[PDB]
Amino acid sequence: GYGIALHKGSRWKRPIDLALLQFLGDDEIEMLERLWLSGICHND
Amino acid sequence: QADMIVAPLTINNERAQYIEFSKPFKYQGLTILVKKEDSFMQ
Amino acid sequence: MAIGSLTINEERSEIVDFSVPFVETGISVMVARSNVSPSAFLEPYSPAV
């Protein structure tokens, strides 16, 4: 999967993980992909 | 009484502070499983 | 920070610390579209009747 690169000593890794794991939870990330990657003419 | 958990353990925000996880083996999701279900003169 | 379409690997994760992945990504091949709806013996109720 994708991800965010850091400084190897940034110590911002922890504040991002909990924040990111929330958006994967209920309705945040599962809504953005509809706004951007929602094309048509799929398989049949 | 333990040091590792080699079992299906979902990654969750709530339980990401007491213990730390690793990179997943495989990616998955949540689905729903349900059951499924005189040919003449009717 | 380096935000964008970066992908987790082994060499990169050795020297930098990645976050929790949020978009799946692998390796795929793309091809064009091929040019019947069959029924072998038309099988009314299989070879039973």
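Throughout, residue numbers begin from 1 within each chain and advance along the sequence as written. They need not agree with those in the entry, and any residue without coordinates is left out. Here every chain gets a letter starting at A, and every ligand a number starting at 1, in the order they are written. A larger assembly contains the chains shown, and all values are computed for the shown part only. The basis for every side-chain value is the complete set of non-hydrogen atoms in the structure, without hydrogens or water. Residues with missing side-chain atoms are left out of burial classes, side-chain pairs and their counts.

**Brief notes about the layout of surface pockets**
Residues and elements named next belong to chain A.
Step number 1: Empty space within the largest pocket amounts to approximately 1600 Å³.
Step number 2: Within the residue set of the lining of the largest pocket, elements represented by two or more residues are helix 1 (13-23) and helix 2 (29-36).
Step number 3: A run of DSSP states H or I qualifies as a helix once it reaches four residues; a run of E qualifies as a strand once it reaches two. Both are numbered from the N-terminal end. Per-element accounting of the lining of the largest pocket gives the leading share, five residues, to helix 2.
Step number 4: The residue classification treats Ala, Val, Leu, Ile, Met, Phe, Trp, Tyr, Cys and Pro as nonpolar and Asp, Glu, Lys and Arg as charged. All others, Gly included, are polar. Of the residues in the lining of the largest pocket, the class split is 23 nonpolar, eight polar and seven charged.
Step number 5: If you add up the space inside the second largest pocket, you get close to 540 Å³. Throughout, the protein atoms alone are placed on a 1 Å grid, and a set of points is a cavity if a 1.4 Å probe fits but cannot get out or a pocket if it is open with protein on both sides within 12 Å along at least five of seven lines; lining residues have an atom within 4 Å of a point. Grid points are joined across faces, edges and corners, and a volume is the space filled by probe spheres set on the points.

**Looking at a nonpolar patch on the surface**
Residue and element names in this part refer to chain A.
Step number 1: Together, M31, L32, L35, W36 and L37 line one region of the surface with nonpolar side chains, adding up to about 620 Å² of accessible area.
Step number 2: Here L32 lies in helix 2.
Step number 3: On the basis of relative accessibility, which here comes to 42%, the residue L32 falls in the partly exposed class. A patch consists of residues whose relative accessible area exceeds 30% and which take part in no salt bridge; residues with like charges are grouped when within 9 Å of each other, and nonpolar side chains (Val, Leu, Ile, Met, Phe, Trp, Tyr) when within 5 Å. Computed with the Shrake-Rupley method and a 1.4 Å probe, the accessible areas treat only the protein chains shown as cover for residues. Between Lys or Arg on one side and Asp or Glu on the other, a salt bridge is scored when a side-chain nitrogen of the former is within 4 Å of a carboxyl oxygen of the latter. Using a 1.4 Å probe on the protein chains alone, a residue whose accessible area is under 20% of its type maximum counts as buried, one over 50% counts as exposed, and one in between counts as partly exposed.

**Let's talk about the environment of C:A2**
Step number 1: With respect to the secondary-structure elements, C:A2 resides in the segment before helix 1 (11-15).
Step number 2: Judged by relative accessible area, which is 32%, C:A2 ranks as partly exposed.
Step number 3: Sequence-wise, C:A2 and C:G26 are 24 residues apart; in three dimensions their C-alpha atoms are separated by 20 Å.
Step number 4: When checking whether two residues touch, look at their non-hydrogen atoms; a contact exists if any pair is within 4.5 Å. Excluding its chain neighbours within four sequence positions, the residues that come into contact with C:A2 are A:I4 and A:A5.

**With respect to unusual backbone geometry**
Step number 1: A positive phi angle, near 65°, is found at A:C41, a position not held by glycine.
Step number 2: With respect to the helices and strands, the residue A:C41 is situated in the segment after helix 2.
Step number 3: Looking at A:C41, the relative accessible area reads 74%, which means it is exposed.
Step number 4: A positive phi angle is found at C:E43, which is not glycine, with a value near 35°.
Step number 5: On the secondary structure map, C:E43 appears in the segment after helix 1.

**Some words on the interface of chain A and chain C**
Step number 1: On the chain C side, the residues contacting the 14 residues of chain A number 20 residues.
Step number 2: Both sides of the chain A and chain C interface together cover about 1800 Å² of buried area, and 63% of this is carbon and sulfur.
Step number 3: By buried area we mean the combined loss of accessible area, with a 1.4 Å probe, across both parts when two parts are placed together. The largest share of the area that chain A buries against chain C comes from A:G1, A:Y2 and A:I4, three residues that together contribute 40% of it.
Step number 4: The tally of links from chain A across to chain C stands at zero salt bridges.

**Some remarks on the interface of chain B and chain A**
Step number 1: Facing six residues of chain B, the contacting portion of chain A comprises four residues.
Step number 2: Both faces combined, the contact of chain B with chain A buries some 420 Å², and carbon together with sulfur accounts for 59% of it.
Step number 3: The interface formed by chain B and chain A contains zero salt bridges.
Step number 4: Pairs of N or O atoms within 3.5 Å make up the polar contacts considered here, provided that, within protein, one atom can donate a hydrogen while the other can accept it, and that residues adjacent in sequence are counted only when both atoms are side-chain atoms. Summed over the shared surface of chain B and chain A, the result is two residue pairs in polar contact.
Step number 5: In terms of residue class, the side of chain B that touches chain A is made up of three nonpolar, three polar and no charged.

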